[PDB]
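Visitor: Handing you a structure now.
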Ligand SMILES: Cc1cc(=O)n(C)c2cc(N3CCCCC3=O)ccc12
């Protein structure tokens, strides 16, 4: 397991600790979410992000963050604002973007010299 993959698995673990109920752990199916696959044409979830890390498909933290943003944005698109899904997506988006902020990654870069 390479250096980049370790870093990504670390970010991924900290994000998933924000979702104790595993709402975002796996893909949303039309059977639990009517109309989901028509409303959300670019689905994403933490399981898929795990798989992509395992398959070494991420070239950068930017790419991992884009997937995480996608996941959150989907939940805020599909679900009404009074729902647990919308609220948790909104909270975790902002928290995960602080965690993986440009300035924090610069700090990390510094330390990796
Ligand atoms: C209805 C619905 C909307 C939504 O945005 N999300 C993220 C959902 C997620 C679930 N899932 C999918 C598998 C992980 C466990 C879970 O609660 C189940 C239902 C939903």
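Cβ placement follows ideal geometry from the backbone for every residue including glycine, while neighbour counts extend to all protein chains displayed. Laboratory data are not the source of any read-out in this text; all were calculated from the coordinates shown.
Visitor: With each run of n ≥ 4 DSSP H residues scored as -39500 (n - 2.57), what mean residue ellipticity at 222 nm is computed for the chain after dividing by its residue count and rounding to the nearest 500 deg cm²/dmol? Don't skip to the end; give the middle numbers.
Guide: Values: 6 runs with 72 residues, N = 113.
Computed ellipticity for the chain at 222 nm equals -20000 deg cm²/dmol.
Visitor: If I stretch the segment between residue 77 and residue 25 completely, what's the gain in nm (0.36 nm per residue apart, minus their alpha carbon distance), one decimal? Can you show the working numbers first?
Guide: Numbers: separation 52, 0.36 × 52 = 18.72 nm, distance 1.79 nm.
So the extension gain works out to 16.9 nm.
Visitor: Have a look at the chain and give its Rg and Dmax from the Cα atoms, expressed in angstrom.
Guide: 14.6, 50
Visitor: How large, in Å, is the range 24-87 by the Kirkwood hydrodynamic radius built from its alpha-carbon pairs? Provide the component values of the computation, followed by the final result.
Guide: On the way: mean 1/r = 0.0804 Å⁻¹.
For the range 24-87, inverting the mean 1/r across all distinct Cα pairs yields 12.4 Å.
Visitor: Quick check on the exposure proxy: order 28, 84 from fewest to most C-beta atoms within 10 angstrom. Provide the component values of the computation, followed by the final result.
Guide: Working: 28 19, 84 11.
Sorted ascending by nearby Cβ count, the order is 84, 28.
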